[PDB]
Amino acid sequence: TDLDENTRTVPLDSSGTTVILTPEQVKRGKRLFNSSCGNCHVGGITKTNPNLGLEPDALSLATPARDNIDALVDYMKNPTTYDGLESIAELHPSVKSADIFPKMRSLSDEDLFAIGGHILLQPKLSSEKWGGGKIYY
Amino acid sequence: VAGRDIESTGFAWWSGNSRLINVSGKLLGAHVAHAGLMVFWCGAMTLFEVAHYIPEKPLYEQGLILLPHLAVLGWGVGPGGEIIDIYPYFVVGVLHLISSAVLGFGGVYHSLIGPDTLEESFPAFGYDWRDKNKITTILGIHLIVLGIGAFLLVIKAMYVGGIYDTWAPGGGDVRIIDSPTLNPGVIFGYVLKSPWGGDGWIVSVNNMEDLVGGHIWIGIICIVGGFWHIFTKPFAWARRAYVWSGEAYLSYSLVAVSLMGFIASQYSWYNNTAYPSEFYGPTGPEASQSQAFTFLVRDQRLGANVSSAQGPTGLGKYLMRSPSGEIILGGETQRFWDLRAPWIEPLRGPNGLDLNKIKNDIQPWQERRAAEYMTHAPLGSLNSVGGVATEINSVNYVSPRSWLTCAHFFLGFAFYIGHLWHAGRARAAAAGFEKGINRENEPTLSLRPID
Amino acid sequence: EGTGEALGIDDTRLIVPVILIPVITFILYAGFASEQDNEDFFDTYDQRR
Amino acid sequence: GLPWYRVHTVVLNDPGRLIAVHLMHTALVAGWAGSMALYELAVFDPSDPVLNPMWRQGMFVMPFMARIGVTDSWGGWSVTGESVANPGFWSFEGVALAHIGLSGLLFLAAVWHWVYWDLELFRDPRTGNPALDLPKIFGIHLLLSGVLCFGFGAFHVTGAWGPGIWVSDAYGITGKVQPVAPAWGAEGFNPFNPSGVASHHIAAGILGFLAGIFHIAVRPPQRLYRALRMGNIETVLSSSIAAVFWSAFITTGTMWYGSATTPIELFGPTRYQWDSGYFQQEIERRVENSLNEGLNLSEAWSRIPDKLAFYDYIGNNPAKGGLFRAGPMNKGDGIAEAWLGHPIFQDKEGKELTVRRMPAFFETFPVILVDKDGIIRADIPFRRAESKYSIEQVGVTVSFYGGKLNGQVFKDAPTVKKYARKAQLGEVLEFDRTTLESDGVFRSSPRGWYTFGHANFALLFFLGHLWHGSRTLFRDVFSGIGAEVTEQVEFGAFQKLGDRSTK
Amino acid sequence: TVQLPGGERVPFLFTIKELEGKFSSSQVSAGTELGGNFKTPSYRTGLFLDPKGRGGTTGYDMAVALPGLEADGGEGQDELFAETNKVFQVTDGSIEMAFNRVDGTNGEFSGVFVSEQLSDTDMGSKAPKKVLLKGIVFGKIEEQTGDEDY
Amino acid sequence: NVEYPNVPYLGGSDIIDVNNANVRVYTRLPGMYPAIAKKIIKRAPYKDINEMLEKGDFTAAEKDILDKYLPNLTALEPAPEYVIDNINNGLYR
Ligand code: CLA
Ligand code: CLA
Ligand code: CLA
Ligand code: CLA
Ligand code: CLA
Ligand code: CLA
Ligand code: CLA
Ligand code: CLA
Ligand SMILES: CC1=CCCC(C)(C)[C@H]1/C=C/C(C)=C/C=C/C(C)=C/C=C/C=C(C)/C=C/C=C(C)/C=C/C1=C(C)CCCC1(C)C
Ligand SMILES: CC1=CCCC(C)(C)[C@H]1/C=C/C(C)=C/C=C/C(C)=C/C=C/C=C(C)/C=C/C=C(C)/C=C/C1=C(C)CCCC1(C)C
Ligand SMILES: CC1=CCCC(C)(C)[C@H]1/C=C/C(C)=C/C=C/C(C)=C/C=C/C=C(C)/C=C/C=C(C)/C=C\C1=C(C)CCCC1(C)C
């Protein structure tokens, strides 16, 4: 099947609103994800802390829930622990910590939007590959 | 056509350069043109790296191999090994590229229109391969030149800007090496150290004082030896122990250069002082110890007592004892317990990793460095898919250490093969049976039968 | 192991063989060498033994 | 002199001595047949034919006796299971002794032909040299082959003056030696129709007989005589090896895939009966029509014969043994004693789980209990931590129906797991592992061993056919090439290769 | 791990884990002795897998390399239950440290100890052997800082 | 151990056995993984969930989270083979 709009529609906000990503947006999101965070987050996993992956189950059960574009984009600038009680900006790539993480310095709001779109688009592409790990390679 | 065909020389086109052995001027042109090739590649490649360099990523993640050398020499890099300016790299590139034009003109001149043999028009430069004194004078001149190069590195490290010390107090930084170690027991203590684990021979340089002081020693040695060879002739023990032909000299240079290739490959693989991990990326030992460090910090943060945690086999999951008793990171990093890097020494006491520092005083920057070096291990494919062989195609990355080590190990083995070929041929041609066995006087038929 | 001794020589005893055995071999080789015609030659190798 | 690999070439041009060596080889083969029969009878256990048949005991050569009539023993037992009251001479023992006696007589004939070799029968009247009129000898032998084929088809297999042949039902439950009427028509070419054997052996034999009358009467054309080197016996050797490996491949195929000439109760089932669930489907339809008759699971499964349940078991598969796991099939899993019945797996609620069966390819297969539609429901985990489909979590009970363990409802998790491991291998049985000291690794049936041996022999005899065809067609250049080769082999010297009249 | 006369190898986990030592006084000095019992965990944990992929917390629950042995409906592989059933068993030991030197300036003390425990059981397959260790001890006594989080 | 009847409560079911469950299982229950689970596993052996709430030293917000997820939590007999691997069992992804 084509990259239809049904695949390209991803949740935007916590209420339930959706947004249809453009092909340029998903292309840029894939490139930015592979360049800025693929080293640890290849395949929707976390190499440094595999307890917390990027699969939709983990993002949905995060506090705040990270299964939407606004929540993901806020995480890319105000990262926190899985329960949302401690700031981990000094240990996580964030646009507010780009001097110590020189890959986040060039990202704009649209870049963060595209990266979140890539993250939310992936699980629709595969039933278990995104965040599945070795078992589904 | 004379001197350039099989009929008048006995060498085919594919052994074409073998027709240059006794043609001194044309051979000089060959050498100078090839040196022009070398400097051309240096300038062109470092300009290519400057053009493809993006200021976001570090050098080791971008596939850059040459700009790390200039950064180590102390150009355009600030504290923490952050490349702040890349204009000196451009200057070095353009200088090499422009000098390549001069060297190429000289080589093409001497190859095509220059005198064929220098032994009648320029007796000072002309030579015979069998004239030991003149060849030794040439060798001594080149030794003096090499000593001048070593002293150029010394001058750069001591006076002109200084070099990048990754072990510097605070973070790694460009600093003047004011007090190199000139003690013979240290410099030649490195040379006589073993190559095995923990010793490392000359790959185990852990400070720039030893490096600069031993480069002073190399400069003094080379200049003294060059003046020795200019004013001396080979002794009788040497005169009977070598084949005095051009191919023999080539084979000697080939074996030496092959050994250097192997040593340089292991320098790039294991050393992280002359090849700082912030320019060339983590070593394999560094990446493994970084994985162990990251998961130690994670599990300690989650309530585990890492010192008392038991792995599956009874050994430490995070911390154990080395075979000599030092407290070391556990798991399969136990083999890499000889790693010493500026980001992990801070937690190291006399008896190994200090448990108090490991428990209470691991800084966030150490965790960041460990995560970065874990995710950027030397593992990768020929098509540059970073990670283990069973990884997926999302990360495009092979460490510069892997490239340099593999390339120079390859070339070292290849040049050992070249040495074997050329040394055997030199011996056979000197003895005079490099073309075949004489049907008239076959040595085997004169030999008494065995058994 | 991993201590960095020059040539692995941790005991001073190890040097006695390491220096003397080459010296006895050198002494035996010198009797051969002194018997040779040690003048220079213009050839790829010496055919005189 | 004559190197070790050419030693049997001295008898190449000595027809009497050739007959002698052929006689000695025939004597050795007949003696092997007799001795193998005697050893098998010594080690055979005729007590239990349904759970310890011939093919479970490693009986290689006895099924070939039982295939075409010899189903009885002088000891008062039969492979069919019945007790013989008055066995005839032609039992297993009588066949073995007859083969030994024939071996001795053939040995004596070999001795006579070796000593008395210079007979006028072997000398050409025209030239006086020793020779063999191979095209006419072939016609005589083809007459003999046709007569024997027709006699076997018309008298032995049809039982007009013979026992008949082994015939069995679709599932190897009721099989016996009986006559088969010839199946003339297309049905005779069904490989699983035993009647097609008779139709073959009659008709083919007749044609063979007619062919003999041709070859004795009609001399070869000169063109084929010079092309095939009919005056060279090594032509006959090459062609015979060719036909022999052809037959070996065909027999290997009919053995592995099965046919009417390889009954399962004589050689065990095939791998494909296990792969397609051939016996599982039959057992299922039997119990289904029993249930439709008003019976319950216990009664329905009790009506399934033990032999049919024994066929539905992976250990009987020929594709489970090993190259160096040697001996009877009983030396592996053991001697089957009884059938414990069908283990229905009632989950915690009551849904029927089923353990996925081991494919023959896998030495070790995970124990997973798929649902009716087949979504995985329960399994035996490798990693117990974070286990979703453990039998403990889901909850399973094993209710046995049929067999000796009938009407028993185990509902603990351990005992459920133990019988899940058994149900992975098909039907569950009890085994004696002490009589033969069995080591618990599966072996191959006689079907698999026949297939292995004859496949390898067929390939090696293809090599032999290549070698001897090469020799007979290149006899003139055996010792090496002469000087004539240098002129013809030049490029463009002759318009036609080899021929020198051209240019 | 150690090797005995005859060439038999005994692995053991020399440990004082979960020790409950009792001082022989209200003040540590030369002649004071600290002693008590401790619980030694298993040499191998549950995650350890034997050469045939069998463990406590994971692994096969059968001898997979003998499917014909598991084919039997009567007993199956019940004979190999002792080797297949991996059991994490925590053993007991005792230690008696005797302090022969003590310092009040640094809080440091040193002396000798004798400890008794049991060796590796291979998850219950082996029978444990008693191990008697003797040696030297160092230690220090300080004031609780409140950040130890014991 | 070819039999361990408390496997379902090791992280694969809706109920979690606190005494011998890995930290990773608390990722299933929102708001408990990094902070609450650390204190759950610190004083791991509990007679029951009530003794866990009394003994765990939880702050008021942590107690509120635990009140939310009480029916998902239990405390069975501690298993040494599983307690030793309660923070890192080698199960990563
Ligand atoms: C590093 C590479 C290298 C170098 C430096 C040389 C150099 C040389 N080779 Mg060559 N050679 C090489 C590789 C190389 N070779 C290889 C790979 C092969 C195998 C095919 C050969 C096969 C070979 C044979 C068979 C022979 C030589 C010979 C020679 C010598 C004489 C050339 C001559 O008169 O040709 C004349 C060539 C030409 C007129 C063609 C034009 C070539 C132009 C000058 C190249 C342009 C270069 C550059 C763009 C100019 C820049 C100018 C500057 C001002 C900017 C010369 C010293 C000859 C020799 O030994 O003579 C005694 C000889 O017979 N070579
Ligand atoms: C391996 C290098 C090499 C060698 C051994 C030779 C050898 C020779 N060349 Mg030369 N040549 C070379 C490279 C080389 N060349 C190059 C690179 C070029 C291209 C520019 C030329 C171009 C060239 C030409 C065009 C001619 C020769 C000729 C000659 C011959 C005479 C040299 C002479 O009179 O010197 C005299 C020396 C000088 C004039 C140099 C003076 C020094 C100046 C001022 C530079 C100072 C540099 C400074 C010290 C460096 C500081 C270093 C610091 C950065 C650390 C001789 C056989 C001649 C020949 O064969 O005629 C038939 C000839 O006509 N060569
Ligand atoms: C490019 C470098 C170079 C080259 C090609 C030569 C070539 C020569 N030198 Mg030497 N020489 C050089 C540099 C060089 N020298 C320098 C810089 C010095 C110091 C001043 C000397 C001092 C010197 C003297 C005093 C003499 C020579 C002599 C000789 C001749 C004999 C060489 C021999 O048999 O060595 C034999 C080598 C050995 C027996 C072993 C070397 C000992 C070192 C310390 C080994 C240490 C171990 C090492 C680290 C192991 C690992 C190495 C690894 C790379 C494989 C020959 C013409 C002889 C001659 O006839 O002069 C007129 C002579 O007597 N040279
Ligand atoms: C395709 C050919 C090829 C290419 C492209 C390269 C490329 C490279 N090699 Mg080389 N190499 C090759 C073939 C090749 N090699 C072969 C066949 C061998 C033999 C086996 C080697 C053996 C070899 C070794 C032994 C080493 C390299 C290394 C290198 C790297 C650095 C080059 C350098 O600076 O050298 C050195 C350059 C020179 C000798 C030229 C003169 C340098 C002067 C004296 C420096 C002056 C410095 C001073 C501070 C300047 C300022 C002065 C003043 C203002 C104060 C580079 C990636 C190095 C590396 O990183 O290895 C891991 C290294 O150590 N190579
Ligand atoms: C310092 C470097 C050096 C120098 C100056 C020379 C010089 C010479 N070599 Mg060479 N040689 C070298 C390194 C060197 N060699 C090495 C490292 C090897 C080992 C691989 C060889 C192997 C070698 C052989 C086998 C022969 C020579 C010969 C010669 C002479 C003629 C070569 C020619 O005209 O080629 C012209 C160039 C070409 C035809 C281009 C060929 C390009 C090839 C096909 C590409 C590489 C293929 C493959 C990847 C190599 C794998 C190598 C393996 C060990 C890993 C000349 C004196 C020949 C001779 O007559 O000696 C007296 C000769 O027979 N050399
Ligand atoms: C109406 C009379 C009649 C009837 C009913 C039959 C019935 C039969 N004939 Mg036929 N037959 C008859 C007359 C009759 N024949 C006559 C008059 C002749 C002439 C003498 C023959 C000659 C004849 C031959 C030569 C063969 C049969 C065979 C058969 C059987 C076919 C079914 C079967 O099992 O095939 C199974 C066998 C096949 C389907 C033949 C396979 C042929 C392929 C091409 C072989 C390929 C081999 C090759 C080397 C492999 C390379 C690759 C590999 C290594 C991977 C069956 C019993 C076949 C047989 O004996 O089967 C056991 C057989 O081969 N018949
Ligand atoms: C192709 C013909 C054939 C076939 C299919 C079978 C089939 C069978 N025979 Mg065998 N058997 C045959 C010929 C055949 N036999 C012959 C000619 C003899 C007389 C020697 C025997 C004697 C015999 C006996 C005594 C017994 C069997 C038994 C069996 C059964 C088990 C087979 C086994 O374990 O193999 C195991 C085979 C191997 C371990 C080796 C196979 C792999 C290759 C061929 C090895 C080649 C090695 C090579 C020559 C190099 C050796 C080097 C040397 C220096 C050591 C099986 C039904 C057993 C049975 O159940 O009887 C009731 C039994 O006890 N057979
Ligand atoms: C029935 C078929 C048959 C017949 C009649 C012959 C006959 C002959 N072959 Mg043989 N050959 C055959 C099949 C046959 N071959 C096959 C299938 C192959 C392929 C492997 C060969 C390959 C072959 C070669 C390559 C050569 C011969 C040669 C010969 C001649 C001399 C052999 C000799 O003296 O060996 C003497 C043999 C020995 C002293 C010991 C052999 C021991 C063997 C290897 C192992 C044990 C065998 C075992 C006891 C019985 C096998 C059972 C059977 C069911 C396979 C002779 C005319 C030779 C020839 O042409 O000479 C002019 C020759 O060089 N043959
Ligand atoms: C000034 C500036 C600003 C921005 C960047 C920019 C790059 C544009 C830069 C410009 C740089 C420029 C224009 C650099 C010029 C460099 C030039 C022309 C270099 C040329 C070097 C010449 C070389 C090697 C010659 C070597 C030739 C050889 C062995 C020939 C070999 C051969 C010979 C001798 C005989 C037989 C045949 C064979 C084998 C081919
Ligand atoms: C080595 C090898 C390679 C490949 C196959 C295999 C792995 C199986 C293995 C074995 C191969 C082979 C070819 C084995 C074959 C064995 C053979 C041919 C054994 C021979 C058995 C023959 C016997 C007893 C004959 C008995 C004869 C007797 C009393 C005769 C006596 C008599 C005589 C002589 C005169 C008349 C009266 C009377 C009493 C009948
Ligand atoms: C520069 C630098 C950087 C980092 C810190 C460090 C301290 C290492 C510092 C100093 C480094 C130093 C001082 C390095 C010096 C290296 C040395 C002296 C290496 C020695 C190499 C010598 C070699 C192969 C000798 C081999 C000679 C041979 C077979 C001669 C020939 C022969 C002989 C002897 C007998 C048999 C026949 C044959 C084959 C003709």
# chains A, B, ... in the order shown; residues from 1 in each chain; ligands from 1
>>> residues_near_ligand(ligand="ligand 11", cutoff="7 Å", atoms="only C-alpha atoms and all ligand atoms", output="number ranges by chain")
B: 186-188, 190-191, 202, 205, 210-211, 214-215, 217-218, 241-242, 256
>>> write_last_selection(atoms="N, CA and C atoms", output="short mmCIF file (atom, residue, chain, number, x, y, z; two decimals), in the first residue's frame")
data_model
loop_
_atom_site.label_atom_id
_atom_site.label_comp_id
_atom_site.auth_asym_id
_atom_site.auth_seq_id
_atom_site.Cartn_x
_atom_site.Cartn_y
_atom_site.Cartn_z
N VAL B 186 62.97 5.87 31.01
CA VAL B 186 61.55 5.93 30.66
C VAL B 186 61.35 5.78 29.16
N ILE B 187 62.07 6.57 28.37
CA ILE B 187 61.88 6.54 26.92
C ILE B 187 62.27 5.17 26.36
N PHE B 188 63.45 4.68 26.72
CA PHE B 188 63.88 3.35 26.32
C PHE B 188 63.34 2.26 27.24
N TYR B 190 60.03 2.27 27.68
CA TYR B 190 58.93 1.95 26.78
C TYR B 190 59.35 1.03 25.65
N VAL B 191 60.51 1.29 25.04
CA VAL B 191 60.96 0.50 23.90
C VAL B 191 61.25 -0.95 24.25
N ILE B 202 55.28 0.34 22.96
CA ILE B 202 55.25 1.79 22.79
C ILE B 202 53.85 2.32 22.52
N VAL B 205 51.65 4.78 25.75
CA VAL B 205 52.00 6.12 26.18
C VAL B 205 50.77 6.74 26.82
N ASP B 210 56.13 12.05 28.05
CA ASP B 210 56.90 10.94 27.50
C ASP B 210 56.97 11.01 25.99
N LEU B 211 55.85 11.33 25.34
CA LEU B 211 55.81 11.42 23.88
C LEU B 211 56.78 12.48 23.37
N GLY B 214 60.54 11.61 24.23
CA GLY B 214 61.06 10.59 23.35
C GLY B 214 61.14 11.01 21.91
N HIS B 215 60.34 11.98 21.48
CA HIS B 215 60.57 12.58 20.17
C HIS B 215 61.84 13.42 20.15
N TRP B 217 64.41 12.54 21.90
CA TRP B 217 65.40 11.47 21.81
C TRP B 217 65.51 10.94 20.39
N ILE B 218 64.38 10.77 19.70
CA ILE B 218 64.41 10.29 18.32
C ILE B 218 65.11 11.29 17.42
N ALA B 241 77.16 -9.17 5.55
CA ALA B 241 75.87 -9.62 6.06
C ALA B 241 74.67 -9.09 5.29
N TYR B 242 74.88 -8.40 4.16
CA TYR B 242 73.79 -7.79 3.41
C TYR B 242 74.04 -7.95 1.92
N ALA B 256 60.71 -2.84 7.24
CA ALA B 256 60.61 -1.82 8.27
C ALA B 256 59.25 -1.13 8.22
#
>>> interface_residues(of="chain B", to="chain A", cutoff="6 Å", atoms="only C-alpha atoms", output="compact mmCIF listing (two decimals) with N, CA and C atoms, in the first residue's frame")
# COMPACT_ATOMS: atom_id res chain seq x y z
N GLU B 56 28.00 20.24 13.96
CA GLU B 56 27.17 19.62 14.99
C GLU B 56 27.83 18.38 15.57
N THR B 375 27.37 3.82 22.77
CA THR B 375 26.60 3.84 21.54
C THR B 375 27.45 4.04 20.30
N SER B 394 19.76 1.42 10.38
CA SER B 394 19.28 2.74 10.76
C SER B 394 20.42 3.68 11.13
N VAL B 395 21.53 3.14 11.63
CA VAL B 395 22.66 3.92 12.11
C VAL B 395 23.81 3.77 11.13
>>> select_by_dssp(residues="segment 71-206 of chain D", states="helix (DSSP H, G or I)", output="PyMOL selection string")
chain D and resi 92-115+120-122+134-157+186-189+195-206
>>> interface_residues(of="chain D", to="chain F", cutoff="6 Å", atoms="only C-alpha atoms", output="compact mmCIF listing (two decimals) with C-alpha atoms, in the first residue's frame")
# COMPACT_ATOMS: atom_id res chain seq x y z
CA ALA D 385 10.36 -14.26 34.36
CA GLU D 386 7.71 -12.07 32.71
CA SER D 387 5.98 -15.18 31.37
CA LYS D 388 2.51 -14.63 29.89
CA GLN D 393 -0.86 -18.60 34.55
>>> residues_around(residues="segment 313-325 of chain B", least_positions_apart="2", cutoff="7 Å", atoms="only C-alpha atoms", output="VMD selection string")
(chain B and resid 292 296 306 to 307 309 to 311 327 to 331 334) or (chain E and resid 43 to 45 48)
>>> residues_near_ligand(ligand="ligand 1", cutoff="10 Å", atoms="only C-alpha atoms and all ligand atoms", output="number ranges by chain")
B: 1-6, 9, 11-38, 98, 100-114, 116
>>> residues_around(residues="residue 60 of chain E", least_positions_apart="3", cutoff="9 Å", atoms="only C-alpha atoms", output="VMD selection string")
(chain D and resid 380 to 383) or (chain E and resid 49 52 to 55 63 to 64 84) or (chain F and resid 2)
>>> write_last_selection(atoms="N, CA and C atoms", output="PDB file, in the first residue's frame")
ATOM      1  N   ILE D 380       5.581 -24.196  27.656  1.00  0.00           N
ATOM      2  CA  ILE D 380       6.593 -24.460  28.676  1.00  0.00           C
ATOM      3  C   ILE D 380       7.694 -23.417  28.508  1.00  0.00           C
ATOM      4  N   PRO D 381       7.745 -22.356  29.320  1.00  0.00           N
ATOM      5  CA  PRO D 381       8.675 -21.261  29.026  1.00  0.00           C
ATOM      6  C   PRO D 381      10.134 -21.652  29.204  1.00  0.00           C
ATOM      7  N   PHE D 382      10.995 -20.986  28.432  1.00  0.00           N
ATOM      8  CA  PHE D 382      12.441 -21.036  28.618  1.00  0.00           C
ATOM      9  C   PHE D 382      12.881 -20.018  29.664  1.00  0.00           C
ATOM     10  N   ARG D 383      12.330 -18.805  29.593  1.00  0.00           N
ATOM     11  CA  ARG D 383      12.554 -17.752  30.579  1.00  0.00           C
ATOM     12  C   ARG D 383      11.271 -17.595  31.387  1.00  0.00           C
TER      13      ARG D 383
ATOM     14  N   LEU E  49      22.871 -21.071  33.228  1.00  0.00           N
ATOM     15  CA  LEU E  49      22.422 -22.189  32.409  1.00  0.00           C
ATOM     16  C   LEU E  49      23.538 -23.219  32.310  1.00  0.00           C
ATOM     17  N   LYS E  52      23.588 -27.960  28.993  1.00  0.00           N
ATOM     18  CA  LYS E  52      22.424 -28.345  28.203  1.00  0.00           C
ATOM     19  C   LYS E  52      21.283 -27.341  28.331  1.00  0.00           C
ATOM     20  N   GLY E  53      21.591 -26.089  28.657  1.00  0.00           N
ATOM     21  CA  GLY E  53      20.586 -25.048  28.705  1.00  0.00           C
ATOM     22  C   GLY E  53      19.536 -25.206  29.777  1.00  0.00           C
ATOM     23  N   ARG E  54      19.923 -25.578  30.996  1.00  0.00           N
ATOM     24  CA  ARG E  54      19.011 -25.732  32.121  1.00  0.00           C
ATOM     25  C   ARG E  54      19.466 -24.837  33.264  1.00  0.00           C
ATOM     26  N   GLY E  55      18.513 -24.130  33.868  1.00  0.00           N
ATOM     27  CA  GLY E  55      18.798 -23.207  34.946  1.00  0.00           C
ATOM     28  C   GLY E  55      17.628 -23.137  35.902  1.00  0.00           C
ATOM     29  N   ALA E  63      15.883 -32.747  29.433  1.00  0.00           N
ATOM     30  CA  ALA E  63      17.061 -33.092  28.639  1.00  0.00           C
ATOM     31  C   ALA E  63      16.624 -33.151  27.179  1.00  0.00           C
ATOM     32  N   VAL E  64      16.703 -31.992  26.519  1.00  0.00           N
ATOM     33  CA  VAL E  64      16.205 -31.862  25.150  1.00  0.00           C
ATOM     34  C   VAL E  64      16.973 -32.755  24.189  1.00  0.00           C
ATOM     35  N   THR E  84      18.240 -31.932  36.409  1.00  0.00           N
ATOM     36  CA  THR E  84      17.402 -30.972  35.705  1.00  0.00           C
ATOM     37  C   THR E  84      16.767 -29.954  36.641  1.00  0.00           C
TER      38      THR E  84
ATOM     39  N   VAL F   2      12.105 -26.719  37.764  1.00  0.00           N
ATOM     40  CA  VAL F   2      11.151 -27.034  36.705  1.00  0.00           C
ATOM     41  C   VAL F   2       9.715 -26.712  37.105  1.00  0.00           C
TER      42      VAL F   2
END
>>> interface_residues(of="chain E", to="chain B", cutoff="12 Å", atoms="only C-alpha atoms", output="NGL selection string")
:E and (1 or 11-18 or 40-50 or 55-58 or 88 or 120 or 122-123 or 147-150)
>>> interface_residues(of="chain A", to="chain F", cutoff="7 Å", atoms="only C-alpha atoms", output="NGL selection string")
:A and (50-51 or 61-63 or 82-83 or 133)
>>> write_last_selection(atoms="C-alpha atoms", output="PDB file, in the first residue's frame")
ATOM      1  CA  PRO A  50      16.272  -0.943  27.703  1.00  0.00           C
ATOM      2  CA  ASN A  51      13.615  -0.869  30.456  1.00  0.00           C
ATOM      3  CA  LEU A  61       2.103   4.562  30.173  1.00  0.00           C
ATOM      4  CA  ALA A  62       4.600   7.388  30.773  1.00  0.00           C
ATOM      5  CA  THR A  63       3.794  10.242  33.167  1.00  0.00           C
ATOM      6  CA  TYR A  82       9.368   7.848  33.427  1.00  0.00           C
ATOM      7  CA  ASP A  83       7.182   9.114  36.307  1.00  0.00           C
ATOM      8  CA  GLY A 133      14.274  -5.632  19.660  1.00  0.00           C
TER       9      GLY A 133
END
>>> interface_residues(of="chain F", to="chain B", cutoff="8 Å", atoms="only C-alpha atoms", output="CSV table (one decimal) with N, CA and C atoms, in the first residue's frame")
chain,number,residue,atom,x,y,z
F,34,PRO,N,10.6,4.6,38.3
F,34,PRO,CA,12.0,4.9,38.7
F,34,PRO,C,12.1,5.2,40.2
F,35,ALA,N,11.1,5.8,40.8
F,35,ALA,CA,11.2,6.2,42.2
F,35,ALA,C,10.5,5.3,43.2
F,38,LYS,N,12.1,1.7,43.4
F,38,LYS,CA,13.3,1.7,44.1
F,38,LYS,C,13.1,1.4,45.6
F,39,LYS,N,12.1,2.1,46.2
F,39,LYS,CA,11.8,1.9,47.6
F,39,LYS,C,11.0,0.6,47.8
F,41,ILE,N,11.7,-2.2,46.1
F,41,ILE,CA,12.7,-3.2,46.1
F,41,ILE,C,13.7,-3.1,47.2
F,42,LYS,N,13.9,-1.9,47.7
F,42,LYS,CA,14.9,-1.7,48.8
F,42,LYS,C,14.6,-2.6,50.0
F,84,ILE,N,17.4,-12.3,44.1
F,84,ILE,CA,18.8,-11.9,43.8
F,84,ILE,C,18.8,-11.1,42.4
F,87,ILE,N,16.6,-6.5,40.5
F,87,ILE,CA,16.9,-5.2,39.9
F,87,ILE,C,17.5,-5.4,38.4
F,88,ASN,N,18.2,-6.5,38.2
F,88,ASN,CA,18.7,-6.8,36.9
F,88,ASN,C,18.8,-8.3,36.7
>>> atom_distance(atom1="atom 14 (C, counted along the ligand's line) of ligand 6", atom2="atom CA of residue 199 of chain D")
6.0 Å
>>> residues_near_ligand(ligand="ligand 7", cutoff="6 Å", atoms="only C-alpha atoms and all ligand atoms", output="JSON, numbers by chain")
{"D": [40, 57, 58, 59, 60, 323, 324, 326, 327, 328, 446, 449, 450, 453]}
